[PDB]
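Undergrad: This structure is in structure tokens; I'll ask about it shortly.
2 protein chains.
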Amino acid sequence: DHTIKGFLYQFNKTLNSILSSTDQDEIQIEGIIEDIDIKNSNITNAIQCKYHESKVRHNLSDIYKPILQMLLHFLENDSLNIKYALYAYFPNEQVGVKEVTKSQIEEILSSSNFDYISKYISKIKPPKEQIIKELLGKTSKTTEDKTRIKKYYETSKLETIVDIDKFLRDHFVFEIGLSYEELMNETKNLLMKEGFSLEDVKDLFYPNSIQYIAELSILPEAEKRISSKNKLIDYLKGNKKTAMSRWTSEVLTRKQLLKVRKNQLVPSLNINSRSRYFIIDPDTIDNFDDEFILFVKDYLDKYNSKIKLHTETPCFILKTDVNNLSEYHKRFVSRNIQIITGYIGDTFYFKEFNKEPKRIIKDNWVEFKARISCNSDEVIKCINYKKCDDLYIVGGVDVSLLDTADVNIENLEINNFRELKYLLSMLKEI
Amino acid sequence: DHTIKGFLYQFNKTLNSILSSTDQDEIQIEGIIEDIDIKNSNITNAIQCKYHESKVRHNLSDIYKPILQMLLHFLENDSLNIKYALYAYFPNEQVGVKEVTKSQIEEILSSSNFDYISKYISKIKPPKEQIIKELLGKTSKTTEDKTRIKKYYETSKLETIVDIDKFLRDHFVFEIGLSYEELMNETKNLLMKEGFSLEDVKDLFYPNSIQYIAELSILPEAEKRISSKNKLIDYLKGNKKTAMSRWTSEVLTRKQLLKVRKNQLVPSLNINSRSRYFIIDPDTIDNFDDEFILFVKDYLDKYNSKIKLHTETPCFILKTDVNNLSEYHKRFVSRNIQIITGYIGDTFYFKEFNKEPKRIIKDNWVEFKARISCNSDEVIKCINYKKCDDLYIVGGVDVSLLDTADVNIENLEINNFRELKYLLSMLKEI
Numbered sequence: 013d014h015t016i017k018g019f020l021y022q023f024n025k026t027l028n029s030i031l032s033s034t035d036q037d038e039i040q041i042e043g044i045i046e047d048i049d050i051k052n053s054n055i056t057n058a059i060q061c062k063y064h065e066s067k068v069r070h071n072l073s074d075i076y077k078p079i080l081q082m083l084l085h086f087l088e089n090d091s092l093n094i095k096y097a098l099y100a101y102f103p104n105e106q107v108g109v110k111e112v113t114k115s116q117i118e119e120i121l122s123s124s125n126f127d128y129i130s131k132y133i134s135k136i137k138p139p140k141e142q143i144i145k146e147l148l149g150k151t152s153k154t155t156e157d158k159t160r161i162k163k164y165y166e167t168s169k170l171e172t173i174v175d176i177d178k179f180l181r182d183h184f185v186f187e188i189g190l191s192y193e194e195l196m197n198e199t200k201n202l203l204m205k206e207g208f209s210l211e212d213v214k215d216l217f218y219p220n221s222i223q224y225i226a227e228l229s230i231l232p233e234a235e236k237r238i239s240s241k242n243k244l245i246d247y248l249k250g251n252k253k254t255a256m257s258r259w260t261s262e263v264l265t266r267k268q269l270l271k272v273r274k275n276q277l278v279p280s281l282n283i284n285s286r287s288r289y290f291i292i293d294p295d296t297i298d299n300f301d302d303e304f305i306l307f308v309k310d311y312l313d314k315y316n317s318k319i320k321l322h323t324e325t326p327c328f329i330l331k332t333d334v335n336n337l338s339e340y341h342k343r344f345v346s347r348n349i350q351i352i353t354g355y356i357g358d359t360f361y362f363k364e365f366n367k368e369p370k371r372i373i374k375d376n377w378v379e380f381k382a383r384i385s386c387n388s389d390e391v392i393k394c395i396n397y398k399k400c401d402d403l404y405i406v407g408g409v410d411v412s413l414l415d416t417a418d419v420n421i422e423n424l425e426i427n428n429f430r431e432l433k434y435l436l437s438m439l440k441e442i
Numbered sequence: 013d014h015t016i017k018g019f020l021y022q023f024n025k026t027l028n029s030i031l032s033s034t035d036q037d038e039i040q041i042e043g044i045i046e047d048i049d050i051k052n053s054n055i056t057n058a059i060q061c062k063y064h065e066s067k068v069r070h071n072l073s074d075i076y077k078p079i080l081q082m083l084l085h086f087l088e089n090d091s092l093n094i095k096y097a098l099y100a101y102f103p104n105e106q107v108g109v110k111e112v113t114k115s116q117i118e119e120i121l122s123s124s125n126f127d128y129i130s131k132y133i134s135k136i137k138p139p140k141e142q143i144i145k146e147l148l149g150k151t152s153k154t155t156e157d158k159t160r161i162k163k164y165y166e167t168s169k170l171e172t173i174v175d176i177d178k179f180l181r182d183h184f185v186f187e188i189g190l191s192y193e194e195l196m197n198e199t200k201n202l203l204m205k206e207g208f209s210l211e212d213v214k215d216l217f218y219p220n221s222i223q224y225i226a227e228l229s230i231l232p233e234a235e236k237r238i239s240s241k242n243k244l245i246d247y248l249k250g251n252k253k254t255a256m257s258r259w260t261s262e263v264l265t266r267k268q269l270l271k272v273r274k275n276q277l278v279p280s281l282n283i284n285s286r287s288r289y290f291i292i293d294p295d296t297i298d299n300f301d302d303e304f305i306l307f308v309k310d311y312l313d314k315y316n317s318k319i320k321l322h323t324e325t326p327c328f329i330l331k332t333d334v335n336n337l338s339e340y341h342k343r344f345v346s347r348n349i350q351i352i353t354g355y356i357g358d359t360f361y362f363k364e365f366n367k368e369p370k371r372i373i374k375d376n377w378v379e380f381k382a383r384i385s386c387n388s389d390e391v392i393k394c395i396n397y398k399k400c401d402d403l404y405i406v407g408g409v410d411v412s413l414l415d416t417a418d419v420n421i422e423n424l425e426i427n428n429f430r431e432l433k434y435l436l437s438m439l440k441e442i
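Protein chains in written order, with the working numbering: chain A, 13 to 442; chain B, 13 to 442.
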């Protein structure tokens, strides 16, 4: 997990450098020199990323290898105007530029590690003995040769070819980096500074930029991996514009289809005395439990409100179990809506489900306003016994047991209650 | 770069497995057994991800460690119905299932590497000498002990406890994976089949899914790393919906948005016998004190003026104190508007607040025309005791204490009474 977190920290640092750079700056992700190679008009900036969240206090030995590699690169490329930066984070170190003294650099060159001595210290401090040079030139080194080289470099005083003073003064800088949370928070804040919204960056822009950095990091052919602020900004803007335009086009097409379907459905919904049955699959409508009672309430307010004119009672059939039906009945009772389910406990009753409600016109009273039950065989038999005028089907429920002869079947393709209300003319515009 | 590419390939394989799995499959990212642990009803699938783009041809030694680990895990969990799968990519190997023979497995167990012998071969092939067992049991092993163990395992023929034949026949399968580009294309195509378009996946769905997989991978807790196709689909859909919600607020400036909200609100306001409750924060409306009375007068003139038709009484709840309520009561009484507050001095009264007004249709008399009180706990309890058809919230007042179950909540974002009168269809043009 530590390696992945460090890679994420490095990628966020590269993204921050890209955002903070100007339009004339060429930045190479996973560059030849270091992790970040910011190429300006005349100065090339090399940044090496290190993550040390698990280290309580920063130590000189923790940065031996990056400093040695920077010194070797400077020795091999002294004629080039390259500034080397070491970006390392330590939890207990103040964020800012930390000075590295010449004595500290000399201490690095005195490290006892064989790998550093053989790779970087040997080129920085050439051995004065030809035997040591021949041993260092061997591709494969035995343990005795390693011990001999280590002892020689520990005991012998060797001059430094690399100009430590000039390197530290002009081409080296050490900065204590921010924490990962702080780093990517600052990166997002910079992403807002380009005209993007907070949640927009969090959902689209930041993941896209992270994926772009990760994709360019792994890929080897160094020429193509130089990036710029303008390219990333244009990529993000084009992605956002294309997504918004295609979403708008899809919405327009869906609205046209739904308007056509609504105009098809209107004529039969204006008759005041039609029996309408609804067979609904709860898993095809989003937020069914939270919005089902309100939908039935609106349907009764529009189509079953006038006591004298609305004489037929709607029926809703669900694909659920009996306990869900009991819960829905409880919620309807708590909202002063009178419905019948036909279930007494767990046993269905044919005579309690097909009965016609009583009306007292003077008191504006109807015994029950709707029938709500599940799609059991008994309920299907009851529906077949008393046929309806319209049979609205929502969700593609199996209707193989229904006697559909001479019955108007209307299939509704919806994904939420808003579209259902639109089709049934309960709203004017989505 | 190779390690990052391998990690990305593993993440893409995990995403592909999540997409290809059913809704009843539980998949653990960075699972206990292997990289991908797919838990079905009866069979657990363990997948190990390896990336070998830099290898020209597949070699048996390239898969020594994963196969040894799989054999050791099968030995530790022989009674469990776990199917082990090895997913490694080789550029010059045909994509598909590659059979591993028993002779190849025996060759793996004969590897001369000391790490494999000490870790997995020792447990798979126990040593018949107690000295070798004691050497293997040591936490720290000297070079001489390593040489002794290596020589003993190279020279001695040891029986295999693990049933190689049964493991290869039932619990093991080796598949040559696709390339990273082919894998990401297949993953995007799988995301396409979930109702998402190509550019939608390219911009939002794929980067968000990759970030989600990476975030779940680094979680130390194994339980928190368990994901499913339904959870990922819901997360992506929620992010996309939030994206539309945040983006669709710039083209329409103020008047188009207010017109849309008004058209949303008209159908419920056109009903003559609805109960409407308003919860208002005065600090969010300009000139509330000087304009509150005229607003209530206009609302009563439009929605509570017909005695025989308008039968329900509005309720205005304010975020103020009792003294301001008394001042407003004085001011209403001065203008001949009959309102009831429920306060006699300082004490609230339940039975006063929730009594229905009496009507004398012959004299066109209604006892009171509105309820205006503060948002104290007692008033909230009175509101909850008699639930309303429509609940309007102005200024974002806290509604945590209200019973919002099966109540139509409509949040109105305004800053003056002209906009409120426009939304409630008391003005035609602001």
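Ideal Cβ positions, reconstructed from N, Cα and C, are used throughout, including at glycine.
#1: Around the Cβ of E88/A, are there at least 16 other Cβ atoms within 10 angstroms (buried) or fewer (exposed)?
#2: Could you run through the region 100-116 of chain B and flag, in chain order, every residue whose CB is less than 9 Å away from some CB of chain A?
#3: Pop quiz: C61/B and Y96/B are said to be a contact at Cβ under 8 Å. What is the actual Cβ separation, rounded to whole angstroms?
#4: Rounded to a whole number of angstroms, what is the C-alpha to C-alpha distance between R273/A and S287/A?
#5: If we ignore side chains and look at the alpha-carbon of each, how far apart do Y164/B and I144/B end up?
#6: Ignoring anything shorter than 4 residues, give me the alpha helix (DSSP H) runs that lie fully in the region 238-280 of chain B, in order along the chain.
#7: Nearest chain A C-beta to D302/B closer than 7 Å, yes or no?
#8: Can you name the residues that DSSP bridges to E364/B?
#9: Please say whether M196/B and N24/B have beta carbons closer to each other than 7 Å?
#10: Got a sec: is the Cβ-Cβ distance from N251/A to anything in chain E below 7 Å?
#11: Is the Cβ of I395/B closer than 7 Å to any Cβ of chain A?
#12: Looking only at its own chain, which residues have a Cβ that is under 8 Å from the Cβ of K150/B, when we skip the five neighbours before and after it?
#13: What ranges does the alpha helix (DSSP H) occupy inside the region 361-433 of chain B, keeping only unbroken runs of at least 4 residues that lie completely in it?
#14: Please list the segments of the beta strand (DSSP E) lying wholly inside the region 135-212 of chain A, counting only runs of 3 or more residues, in order along the chain.
#15: Does the beta-carbon of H14/B have 16 or more other beta-carbons within 10 angstroms, so that it is buried, or is it exposed?
#16: If you run the structure through DSSP and keep just helix, strand and coil, what is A100/A?
#17: At the 7 Å Cβ level, is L216/B part of the contact set with chain A, yes or no?
#18: Closer than 9 Å by beta-carbon distance: list the chain B residues that pair up with residue 2/A, in chain order.
#19: Chain A partners of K17/B, CB-CB under 7 Å?
#20: Within 7 Å of any Cβ in chain A, is that where the Cβ of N275/B sits?
#21: Identify every residue that forms a DSSP beta bridge with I50/A.
#22: Can you tell me which of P219/A, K393/A, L180/A and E119/A puts its alpha carbon nearest to the alpha carbon of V213/B?
#23: At what residues does the beta strand (DSSP E) containing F328/A begin and finish?
#24: On the three-state DSSP scale, how would you describe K440/B?
#25: Could you tell me whether the region 246-265 of chain A touches the region 389-408 of chain A, where touching means 3 or more Cβ pairs closer than 8 Å?
#26: Using only CA atoms, which one of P139/B, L180/B, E171/B and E65/B lies nearest to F86/B?
#27: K214/B by DSSP, collapsed to three states: which one?
#28: From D175/B to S33/B, what distance separates their C-alpha atoms?
#29: Using DSSP with H/G/I as helix, E/B as strand and the rest coil, what is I283/B?
#30: Just to confirm, is the Cβ distance from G108/B to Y63/B under 7 Å?
#31: I'd like to know if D13/B contacts chain A, where contact means its C-beta is closer than 7 Å to some C-beta of that chain.
#32: What do you get for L148/B, buried or exposed, if any count of 16 or more other CB atoms within 10 angstroms of its CB means buried?
#33: Does the region 119-136 of chain A come within contact of the region 67-82 of chain A, defined as at least 3 CB pairs closer than 8 Å?
#34: Would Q40/B pass as an interface residue toward chain A - the criterion being a Cβ-Cβ separation below 7 Å?
#35: Can you give the Cα-Cα distance for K200/B and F217/B, rounded to whole angstroms?
#36: Please report the straight-line C-alpha distance between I426/B and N299/B, rounded to a whole angstrom.
TA: In this structure, then:
#1: Locating residue 88/A in the first sequence gives position 76, where the first residue counts as 1. Exposed is the call here.
#2: none
#3: In the second sequence, residue 61/B corresponds to position 49, counting from 1. In the second sequence, residue 96/B corresponds to position 84, counting from 1. So it is not a contact: roughly 13 Å between Cβ atoms.
#4: The residue labelled residue 273/A in the question sits at position 261 within the first sequence. The residue labelled residue 287/A in the question sits at position 275 within the first sequence. Roughly 20 Å between the two C-alpha positions.
#5: Start at 1 with the first residue of the second sequence, and residue 164/B comes out as number 152. Start at 1 with the first residue of the second sequence, and residue 144/B comes out as number 132. Answer to the nearest angstrom: the Cα atoms are 8 Å apart.
#6: 241-259
#7: Within the second sequence, numbered from 1, the residue matching residue 302/B stands at position 290. Chain A contact via Cβ: absent.
#8: Locating residue 364/B in the second sequence gives position 352, counting from the first residue. None, per the DSSP bridge assignment.
#9: The residue labelled residue 24/B in the question sits at position 12 within the second sequence. The residue labelled residue 196/B in the question sits at position 184 within the second sequence. It is a contact, given that the beta carbons lie within the stated cut-off.
#10: Absent from the structure is chain E; the protein chains it does hold are A and B.
#11: As a first step, residue 395/B must be located in the second sequence, where it is residue number 383. Answer no: the Cβ-Cβ gap between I395/B and chain A never drops below 7 Å.
#12: One-based indexing of the second sequence puts residue 150/B at position 138. Result list for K150/B: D157, in chain order.
#13: 362-365 and 389-397
#14: 184-189
#15: As a working mapping, residue 14/B is identified with position 2 in the second sequence. With fewer than 16 other Cβ atoms within 10 Å, it is exposed.
#16: Position 88 of the first sequence, counted from the first residue, corresponds to residue 100/A. DSSP places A100/A in strand when its eight states are reduced to three.
#17: As a first step, residue 216/B must be located in the second sequence, where it is residue number 204. So, interface residue.
#18: Nothing about residue 2/A can be reported from this structure: the residues present for chain A run from 13 to 442 only.
#19: Position 5 of the second sequence, counted from the first residue, corresponds to residue 17/B. Correct list: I230.
#20: Counting from 1 along the second sequence, the entry for residue 275/B is found at position 263. For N275/B, the answer is yes, since a Cβ of chain A falls inside 7 Å of its Cβ.
#21: Taking the first residue of the first sequence as position 1, residue 50/A is located at position 38. Answer by DSSP bridge pairing, in chain order: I39/A and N57/A.
#22: Within the second sequence, numbered from 1, the residue matching residue 213/B stands at position 201. Here the closest residue by C-alpha is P219/A.
#23: The residue labelled residue 328/A in the question sits at position 316 within the first sequence. Element bounds for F328/A: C327 to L330.
#24: Locating residue 440/B in the second sequence gives position 428, counting from the first residue. Of the three classes helix, strand and coil, the one that applies to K440/B here is coil, per DSSP.
#25: no
#26: Counted from its first residue, the second sequence places residue 86/B at position 74. It is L180/B.
#27: For the purposes of this step, residue 214/B is taken as residue 202 along the second sequence, with counting starting at 1. Reduced to three states, the DSSP call for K214/B is helix.
#28: Reading the second sequence from its first residue, position 163 is the one you call residue 175/B. Reading the second sequence from its first residue, position 21 is the one you call residue 33/B. Computed Cα separation, rounded: 30 Å.
#29: Taking the second sequence and counting its residues from 1, the one referred to as residue 283/B is at position 271. Residue state, collapsed to three classes: coil.
#30: Here residue 108/B refers to the residue found at position 96 of the second sequence. Here residue 63/B refers to the residue found at position 51 of the second sequence. No, the pair does not count as a contact, with Cβ atoms beyond the cut-off.
#31: In the second sequence, counting from the first residue as 1, residue 13/B sits at position 1. Yes - at least one Cβ of chain A is within 7 Å of the one on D13/B.
#32: Your numbering for residue 148/B matches position 136 in the second sequence. Buried, since its Cβ has 16 or more Cβ neighbours within 10 Å.
#33: yes
#34: Position 28 of the second sequence holds residue 40/B. It does not: the Cβ of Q40/B has no partner Cβ on chain A nearer than 7 Å.
#35: Here residue 200/B refers to the residue found at position 188 when the second sequence is read from its first residue. Here residue 217/B refers to the residue found at position 205 when the second sequence is read from its first residue. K200/B and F217/B: Cα-Cα distance of roughly 9 Å.
#36: Position 414 of the second sequence holds residue 426/B. Position 287 of the second sequence holds residue 299/B. Going by the C-alpha atoms only, they are around 13 Å apart.
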